Number of protein chains: 2
Amino acid sequence: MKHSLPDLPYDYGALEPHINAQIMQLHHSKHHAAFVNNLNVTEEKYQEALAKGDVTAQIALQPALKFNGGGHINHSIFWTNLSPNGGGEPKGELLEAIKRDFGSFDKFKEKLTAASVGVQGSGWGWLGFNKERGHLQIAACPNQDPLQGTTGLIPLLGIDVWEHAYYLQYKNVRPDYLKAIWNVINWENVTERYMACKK
Amino acid sequence: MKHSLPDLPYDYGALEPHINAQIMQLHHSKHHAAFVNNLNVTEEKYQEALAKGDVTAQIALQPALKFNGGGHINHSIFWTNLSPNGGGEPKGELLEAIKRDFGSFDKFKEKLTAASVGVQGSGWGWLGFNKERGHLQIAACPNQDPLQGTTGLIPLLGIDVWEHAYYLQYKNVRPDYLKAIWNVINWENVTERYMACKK
Ligand SMILES: [Mn+2]
Ligand SMILES: [Mn+2]
């Protein structure tokens, strides 16, 4: 296909003061850009290996494909989950699903925050939808491992806990970054992803 | 180019009494046959996904590709590492490299045996060649993870320690299986693989 870096739906500084412009610029234009460039290179190498039936090469390329491929997937979703018009609480069917599956919105916040802060090293915190069980589910993924590709869950809301996502502003205080990000969550986008899972 | 199950270079009972015919027949005609068939099915699914640029599908298929792909690679080498003409000790440059890197042939035997018996669960014990360092190296791989694809080492001699490789004959006494396999090692094939790395 030849993947490309998607344009951001807002200005790099639109999420201030919760996430500063310098992080957004570096996070989008440098880290994400690298994943897309390396993903395209990795996909081209795998196509050659498949043509020659080189199983050894296919397996050797799996870490680069998952790492760069997942990085493209994860960050592409991440940008749509944020908005300068975000924050507050969700409404409608998504709010009802959260109460049913987690009890209340506040308890959901605590569990997703704990899952994200509890990540040892680099990874992601995710609110996902389990098609088999038909309910919401919280999961954490290491490094750039994508939720759906590795767990089967449909991603609804992702929290990047890579140090590059918060270290320029919040230093080592990961909880402060988690507390601040709730102010810019685009619940409209999360709702659209949730409704897409239902019939 | 479509992978196929290789024919065994000897009769199923040629390795008796060290490895009985029932294990060889089941190991080759049942287990290996499934890996090659499932490998081909997996490659077709990945080829379609790669054409559409579906990164999620590519990542979801990685476990099946590594498991079935590695199984095809590992067992295809395994059969060539055994021979009714095997046993004894290696000669020539291979014997010299073993003494240099391991001290003596007996010490190499002890180290590869320990690596194979020490595998927790299913996996493989391997004598490999390190292209970067230009010396021999022993490594263990879990499940069907192939040596070269995951470590870069060139496989010279592999020991299958999956329970299906010995449980019918040696029950839970894995050390007895390792003791018997040394009598049927095809050092001629190991030498040809080793010499192919040097130039
Ligand atoms: Mn990131
Ligand atoms: Mn086996």
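Below, chains carry the letters A, B, ... as their sequence lines are ordered, and counting in each starts from 1. No hydrogens, no waters, no symmetry mates; every other heavy atom, side chains included, goes into these values.
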Sub-4.5 Å side-chain heavy-atom contact between B/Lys66 and B/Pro146 = yes
So, do A/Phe78 and A/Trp162 have ring centers that fall under 6.0 Å from each other?
-> no
B/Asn130: what forms a side-chain hydrogen bond (donor to acceptor under 3.5 Å, both in side chains) with it, not counting sequence neighbours?
-> B/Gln137
B/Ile98 CD1 to B/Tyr194 OH distance, which is reported to the nearest 0.5 Å = 8.5 Å
Return yes if some donor-acceptor pair links the side-chain N/O of A/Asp54 with the main-chain N/O of A/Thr56 below 3.5 Å, else return no.
-> yes
Is there a donor-acceptor pair under 3.5 Å between the side chain of B/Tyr177 and the backbone N or O of B/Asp160?
-> yes
B/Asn189 and B/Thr80 side chains, donor-acceptor separation under 3.5 Å = yes
Heavy atoms, side chains only, cut-off 4.5 Å: are B/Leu50 and A/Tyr46 in contact?
-> yes
Measure up the A/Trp124 and A/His75 rings against each other and bin them: parallel (under 30°), tilted (30 to 60°), perpendicular (over 60°).
-> perpendicular
When you measure from the side chain of B/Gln169 to the backbone N and O of B/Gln22, does any donor-acceptor pair fall under 3.5 Å?
-> no
Which of parallel (below 30°), tilted (30 to 60°) and perpendicular (above 60°) describes B/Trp79 and B/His32?
-> tilted
For this output row, return yes or no: ring centroids of A/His31 and A/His164 closer than 6.0 angstrom.
-> yes
Give a yes or no on whether A/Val41 and A/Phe35 share a hydrophobic cluster (residues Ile, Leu, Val, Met, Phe, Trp, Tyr; joining criterion: side-chain heavy atoms under 4.5 Å apart).
-> no
Quick one: does B/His27's side chain get under 4.5 Å of B/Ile19's, heavy atoms only?
-> no
Sequence neighbours left out, what passes side-chain contact (heavy atoms from CB on, under 4.5 Å) with B/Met195? Give chain and number order.
-> B/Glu93, B/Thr191
Just by modelled atom types, is the B/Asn68 backbone N or O under 3.5 Å from a matching donor or acceptor in the B/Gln144 side chain?
-> no
Please answer whether the main-chain N or O of A/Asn37 pairs with a side-chain N or O of A/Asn40 as donor and acceptor at a distance below 3.5 Å.
-> no
